[PDB]
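Novice: Experimental structure below, sequence on top.
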Amino acid sequence: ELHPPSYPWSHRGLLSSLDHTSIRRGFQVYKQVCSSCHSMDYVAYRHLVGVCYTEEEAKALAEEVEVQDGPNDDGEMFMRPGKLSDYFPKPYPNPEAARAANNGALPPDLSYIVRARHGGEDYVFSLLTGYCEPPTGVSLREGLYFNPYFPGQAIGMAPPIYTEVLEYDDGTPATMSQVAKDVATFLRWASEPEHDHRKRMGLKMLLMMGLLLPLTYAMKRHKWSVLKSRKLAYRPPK
Amino acid sequence: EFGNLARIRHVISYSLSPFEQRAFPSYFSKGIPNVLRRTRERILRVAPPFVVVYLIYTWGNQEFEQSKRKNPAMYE
Amino acid sequence: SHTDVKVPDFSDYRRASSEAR
Amino acid sequence: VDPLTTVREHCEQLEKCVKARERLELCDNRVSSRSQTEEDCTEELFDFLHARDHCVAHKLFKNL
Amino acid sequence: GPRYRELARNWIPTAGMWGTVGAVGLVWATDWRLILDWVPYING
Amino acid sequence: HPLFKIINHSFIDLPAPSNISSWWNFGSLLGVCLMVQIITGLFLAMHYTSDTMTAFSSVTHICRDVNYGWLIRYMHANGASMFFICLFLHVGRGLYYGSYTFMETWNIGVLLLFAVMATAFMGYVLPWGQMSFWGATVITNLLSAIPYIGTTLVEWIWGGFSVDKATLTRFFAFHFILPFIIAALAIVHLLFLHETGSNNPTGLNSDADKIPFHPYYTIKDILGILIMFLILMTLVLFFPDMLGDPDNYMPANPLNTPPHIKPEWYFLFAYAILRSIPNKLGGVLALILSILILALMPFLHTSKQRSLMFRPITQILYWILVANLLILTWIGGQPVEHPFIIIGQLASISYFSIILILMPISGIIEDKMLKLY
Amino acid sequence: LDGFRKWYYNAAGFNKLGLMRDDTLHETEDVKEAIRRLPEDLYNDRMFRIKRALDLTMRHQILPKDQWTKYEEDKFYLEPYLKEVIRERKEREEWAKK
Amino acid sequence: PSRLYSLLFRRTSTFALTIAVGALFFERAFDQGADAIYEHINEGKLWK
Amino acid sequence: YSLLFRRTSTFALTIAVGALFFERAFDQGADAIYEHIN
Ligand code: HEC
Ligand code: HEM
Ligand code: HEM
């Protein structure tokens, strides 16, 4: 299988953080295009605050999807409006529903779609832009498009990003690529909500060890100088 | 414990106080020569096994690829 | 006896003010 | 215009892609032309594709 | 090793017996139910 | 004071050789790593649930909702990796410098190595990912190889027909309880050693030159702890997934098996050997011997010199052994296809022939060169 | 064979620490019995040579080339005393065997 | 009886051997006996 | 040396006080560096 090529991502930087406008744009993409079939279960409206949206913007986004509580005296499936503490919506009620609404194929939860894939984010982009006409000599069953990157090159998922599929609220031209890069950044974001933070800890950590090591070594060399200067002499009485 | 470890005789041993001596006497002055001295006494025993590991690793990779590469003569 | 040979020179090591050191 | 196509456009112009595609071109012809062969350009296509994507990515983000 | 030979003989029976004891215990503890089965006793 | 006497007797006034290199730091690092693992493990245990419905959810809740829970989890995983790095270098120091002649210390060591491998295996099963479930089934299946009682034993451990919740919960209990047994065995390891004292890289009797430990090998150990913490935090804070597998971030699907199943790196050398032997049982046995061959090592010493500092032919054989250990680590990763298999088969043959045959013959030849034999 | 033994003696490297060959023997029970039977001056030179080699290994240094131990010069002092220990040891073993 | 001591107890291993065999059989008897005793004790109140 | 390096007690005080300030200072500088990098 074709290994996805290395792309010059900003967050790939060692001391570089994630571009948060790209995470906001990639969250929009999911909200509009890929949410209806995939499930971001482990990501909730609460996680976004302080990353892509404010408290009121994320509250409005959460109030945009109703949820089910069902604790009514008799009402057992009561469907509430949804809140910040609520998690992202699910595409299908159960695994079977997924198989049913996706030609038998199960769309995997994207909660950690990238940390899952070996190629990493690159792979996601490779495929998102990897739908390709099947090389002469091959055919597929349903919604299966030869995708070189996808294992077997037969992904049930039909190509979901057509240029100008959705309009970015920021207005950045919604070209297929600009959309695949944004959703790869976002999917990366969910898989590690602390990419940035971890990197801040790594910076300070480096600096701290950077001052402690030299010093500790010095001490190691104070308390070991005594011996390292010891001069031995053999003086048989003769 | 100390005192009953061993029996030596007539071996005088001089030393200096830590604060009285330079911390890194000629550190790079002789350190480099010594490190280099050291590397040349051990490089012939250490390095050639890892060199042939590198050759076997590359070989395996390339051989594997060729193995995977379709047989042109086949299917024709 | 005990005087024939003197302290070997540690000059090299010696850091040729003590409070400062 | 999709930046992707643009980048691919240029990279494909690269002799590397040119020659790679040439092989793939011969391949597809042979695959379709030869009845005896049940072979395809999946095996060779990804060779060319890999090369193309390699250089494309090398500079694709510049547009994005 | 003549001396060793003689001493071995002396320990052979007791050694084997200890082994025998272990074997017996093993079957009982493990409830082999195959060696035990042929044995008159039956677990059920 | 009867509590301070033991502490003084083992860490302050202990007579240590003055010339031991940085390799002698590594065992102390292992002890620190053990604590670190225990501490991080305790802070994983306050939020982890050993239920197959909720184990992956609890791990994601640790990474996403607990304050600095991602830090403690990835510190635990990369500290297991650092534990195995320090363990391999500790065993390599023991093999190179002839420290296996301390036979009781060596045997308590190989018991500790078996316990640490079992602990890491069940700990890797614990997050209940795709890779954990298929990995568990695989090694549990290894037991089935047993000639007569194999099936029962496997089913016992699994606690059912196939690994399922029954396993996860008992694996959580065993993974919790074994590092304390490892700590007790490490105390026995330290005791069986102080009776004899540590060895030196020259391999000679260092009784004429011994120094205290408090000011000389304590600040060293502190410096080694600082360097090991630097490598651990640059493994955690910068490349948190370079040693793990991506497929462990998917939930455990019994209906799908990840096509590429590879045990973690530090098990790879063994994995290679197992795959190499055609017979299943043979593989299991060889695998075990792979670790056990070490225990067998103190009976194979045929030289009149303890260390390899003055033994160049056995030095060459030792570095060839390290070389094909790295080769077996690589092969395990490679899939089943030519020519990875042949290398694996040879590499295993060369590994067992160098440890069993070539080193004692080389030691006899080296004794003959010095007009000793 | 003589020149190749000198080359191996240089490649072994204990002469660079000023050691003899018999200083490098692993102290088993027979070796410690042979060391105990040494005269006082030979024992004191052996202990000083071992201490100096340990100090040089501590500082990661070697002796200057004029101070190394010439293969030809090395003396196998412990050897004579050792053979006896082994001989006596074997005799005793044989007696028990029989 | 001296025979017992002379044959079964004198040799420590036999001392164990007899214990081992005894254990192998004790279970059978004790189990069955206690079972029945229990059965009799609760003669009528059971699943049967 | 005559203030914080003469007797252990004096040494202890400076350590506590200095550490007290170094903490914030380190974070502050890190802020610049972190923001600088990003
Ligand atoms: C209307 C349907 C639909 C939309 C829209 C959709 N997907 Fe999917 N996706 C699927 C189905 C069905 C599968 C499972 C197919 C399979 O595994 O063969 C899938 C599988 C995937 C996989 C798994 C590939 C692998 O390695 O196994 C990734 C990654 C993925 N989708 C990403 C996306 C991204 C990114 C978007 C939008 C930005 C998106 N999808 C939009 C239906 C969709
Ligand atoms: C008593 C001490 C320990 C406790 C309480 C403990 C507890 C846990 C718990 C609750 C988990 C599951 C959650 C997680 O960490 O991901 C876990 C995982 C793990 N533990 Fe331990 N552990 C201990 C010691 C060790 C040691 C000593 C090792 C190394 C041999 C080890 C290796 C692992 C590994 C590899 C994992 C899987 C990490 C992952 O999910 O990616 N643990 N441990
Ligand atoms: C549980 C992991 C282990 C820990 C924490 C540990 C710890 C230690 C410590 C503290 C010492 C004394 C100082 C030193 O390290 O040199 C030591 C010595 C030693 N250990 Fe380990 N050890 C471990 C595993 C092993 C294993 C698996 C082996 C066998 C391969 C081993 C063999 C030895 C030997 C031979 C010594 C004596 C070394 C010498 O003085 O030359 N240890 N160990």
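Specialist: Happy to help now that I have it. Residues are numbered from 1 along each chain as shown, chains lettered A, B, ... in the order given. Ligands and ions are numbered 1, 2, ... in the order given.

Novice: what's near enough to touch the spatially most central residue of chain C?
Specialist: Nearest to the geometric centre of chain C sits residue C:10, at 4.9 Å (Cα atoms, centre = their mean). With contacts defined as Cβ atoms under 8 Å, 6 or more residues apart in numbering or on different chains, residue C:10 is in contact with A:229, A:231, B:14, B:16, B:21. Just so you know, the C-beta spots here come from the backbone N, C-alpha and C atoms, and that holds for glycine as well.

Novice: Residue F:358 and residue F:317: what is the separation?
Specialist: Plainly put, residue F:358 is 5 Å away from residue F:317 if you go by Cβ to Cβ, to the nearest Å.

Novice: re the thing from before, so which strand or helix has the residue nearest to the centre of chain C?
Specialist: No secondary structure element spans residue C:10, as it lies outside all helices and strands (assigned by DSSP states H and E).

Novice: before we move on, what SS does whichever residue of chain G sits closest to chain D have?
Specialist: Nearest to chain D in chain G, going by Cβ to the nearest Cβ, is residue G:60, at a distance of 46.7 Å. At residue G:60, secondary structure determined by DSSP: H, G, I helix; E, B strand; the rest coil is coil.

Novice: ok, it - contacts?
Specialist: Under the criterion of Cβ under 8 Å, 6+ apart, the contact list for residue G:60 reads B:34, B:38.

Novice: cool, and residue A:120?
Specialist: Residue A:120 is in contact with A:4, A:114, F:246, counting by Cβ under 8 Å, 6+ apart.

Novice: Near chain D, which residues of chain A? Just list them.
Specialist: Chain A has residues A:1-9, A:126, A:129, A:132, A:134-138, A:148, A:153, A:163, A:175-178, A:181 near chain D, with proximity defined as Cβ under 8 Å from any Cβ of the partner chain.

Novice: ok and the residue in the stretch 201-350 of chain F nearest chain E?
Specialist: Of all residues in the stretch 201-350 of chain F, residue F:299 sits closest to chain E, at 19.7 Å by Cβ to the nearest Cβ.

Novice: Same check on chain A?
Specialist: Checked against chain E (Cβ to the nearest Cβ), the nearest residue in chain A is residue A:95, 43.4 Å away.

Novice: about what we covered before: out of the contacts of residue C:10, name the ones that lie in helices.
Specialist: residue A:229 (DSSP state H).

Novice: is chain I contacted by stretch A:174-188?
Specialist: No - using Cβ under 8 Å from any Cβ as the criterion, no contacts between stretch A:174-188 and chain I are found, and the smallest distance is 14.4 Å.

Novice: Can you pull out the residues in contact with that stretch?
Specialist: Contacts of stretch A:174-188 (Cβ under 8 Å, 6+ apart): A:9, A:11, A:18-19, A:22-23, A:25-30, A:34, A:110, A:113-114, A:121, A:124-125, A:128-129, A:161-168, A:172, A:195, D:1-4, D:60-61, D:63-64.

Novice: So which of those residues are in helices?
Specialist: Taking DSSP H, the ones among the contacts of stretch A:174-188 that sit in helices are A:22-23, A:25-29, A:113-114, A:121, A:124-125, A:128, A:195, D:3-4, D:60-61, D:63.

Novice: Can you narrow these down to the ones near ligand 1?
Specialist: Counting by Cβ under 6 Å from any ligand atom, A:29, A:113, A:124, A:128 from those sit close to ligand 1.

Novice: thinking the first one is in contact with residue A:166, fair?
Specialist: Yes - shown here, residue A:29 and residue A:166 form a contact pair, counting by Cβ atoms under 8 Å, at 6.4 Å.

Novice: So for these two, which residue has more residues nearby?
Specialist: Each of residue A:29 and residue A:166 had its neighbours counted (other Cβ atoms under 10 Å in any protein chain shown), and the higher figure belongs to residue A:29 (24 against 15).

Novice: Now residue F:262: closest residue in space, sequence neighbours ignored.
Specialist: With Cβ to Cβ, 6 or more residues apart in numbering or on different chains as the criterion, residue F:262 has its nearest non-adjacent residue at 6.0 Å, and that residue is residue F:333.

Novice: Could you give the number of residues near residue 45?
Specialist: Picking chain A for this. Look at residue A:45: counted by other Cβ under 10 Å, it has 22 neighbours.

Novice: hm, I was asking about chain G
Specialist: 16.

Novice: which SS state does it fall under?
Specialist: Residue G:45 - assigned by three-state DSSP - is helix.

Novice: contacting residues around it?
Specialist: Here residue G:45 is in contact with A:234, A:236 (criterion: Cβ under 8 Å, 6+ apart).

Novice: any idea whether residue G:71 is helix, strand or coil?
Specialist: Secondary structure of residue G:71, per three-state DSSP, is coil.

Novice: And the residue of chain H that's closest to ligand 2?
Specialist: For chain H, the residue closest to ligand 2 is residue H:23, as judged by Cβ to the nearest ligand atom, at 37.7 Å.

Novice: surely that residue meets residue E:27?
Specialist: No - Residue H:23 is beyond contact range of residue E:27, at 10.6 Å (criterion: Cβ under 8 Å).

Novice: Which one's more surrounded, these two?
Specialist: For residue H:23 versus residue E:27, the count of surrounding residues by other Cβ under 10 Å is larger for residue E:27: 17 against 13.
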